[PDB]
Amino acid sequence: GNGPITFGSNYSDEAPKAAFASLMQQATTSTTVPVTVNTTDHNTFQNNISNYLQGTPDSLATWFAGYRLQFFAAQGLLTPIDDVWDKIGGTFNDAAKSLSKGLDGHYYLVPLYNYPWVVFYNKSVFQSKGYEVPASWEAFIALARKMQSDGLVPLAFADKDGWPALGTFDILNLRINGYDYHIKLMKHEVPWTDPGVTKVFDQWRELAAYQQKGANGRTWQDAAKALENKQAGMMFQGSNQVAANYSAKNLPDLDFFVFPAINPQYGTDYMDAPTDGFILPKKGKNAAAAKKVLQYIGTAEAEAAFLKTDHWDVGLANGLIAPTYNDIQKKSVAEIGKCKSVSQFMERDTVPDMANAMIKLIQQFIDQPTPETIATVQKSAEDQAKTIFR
């Protein structure tokens, strides 16, 4: 019941590979279970996942919350871990529990860390110009308008990379229609022609008045540099992007606020906070020992250990403020922990083909944000969805 397990790992980059190796040494010291880490190139591992689970997988593997976790669990490829959760459940909130379950209500994932998609700004600028953090869409638009009058681009914005704008779609949908609807849309339980989608794009027509021009030709780093150089007042994106891009000298001035409330029914209850974790392949060997290792992974100590050298991701364990966290991380723990549910970014909440189809359609909207373009986007997205989810 304690024999060596194997661990399939997509941590191929130097820093996380070293952190994961150290973490497994700590796991063995605690649980007695020895571990062999089988590392595969990150992208390759992702690309081979279904074939991997169906072949002769490792005892445990790295994965993450979202559509594919639920797809594999639905398919019978994953061992449920309700037993692990009987031991570790007290450490996690409702959002953490939700993102760890399959459609059938069993647990399949042990999560480790996430990071937030939120609106960044410079504290010194807000202090100097008399800008207040907006809780509501009305205050947000009023602030954007004040910024324009002050000669500042309100929202630095970039989408040459294709994926950044998906975050704006997600947050508008979570704020207008709510989490349950957003996930239904992701799963194609609601069609892209649904009026809730029209309402998202209608809201974006307003927002786009305050978004940086030339976005489709701009890299996200160039938008982040605009914020850093004080040429823009705010920028909405992931903290492991915007904050990571800041120089060490300017990072002290960086802060963020959650995207403002639009429909008070959903307040600011939801956020894209992509969450990485671990699964137990049904076809893996030595399940009993693998479960002991998962129990260890589902602790504050495990999260703090892995995250020592990670400057942006934060643990999901209740009350964990690791001694290595910076100010951005401390606020991230607080703001992510307040959410009732967290989504995982469009690329992980729907199938890849569907997210990729939306990239181009959203660029088309950005190029011409009109009612006719919205109708075109909705029809094109729904037709793509019918082919993808067949």
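Heads up: residue numbers just count along the shown sequence, starting at 1.
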Quick check: 194-202 versus 127-135, which has the larger average CA B-factor in the record? 127-135
Higher-B stretch (mean Cα B-factor, as the entry records it), 20-28 or 366-374: 366-374
Which of these has the highest Cα B-factor in the record: 173, 216, 263, 299? 216
Identify, among 350, 324, 341, 44, the residue whose C-alpha carries the highest B-factor in the deposited PDB entry. 44
How does residue 313 rank on Cα B-factor within its chain, lowest, middle or highest third? lowest
Split the chain's modelled residues into thirds by Cα B-factor; is residue 238 in the lowest, middle or highest one? lowest
Going by the entry, which third of its chain does the Cα temperature factor of residue 329 land in? lowest
Which third of the chain holds residue 98 when residues are ordered by C-alpha B factor: lowest, middle or highest? middle
Select lowest, middle or highest to describe the third in which the CA B-factor of residue 84 falls within its chain in this entry. middle
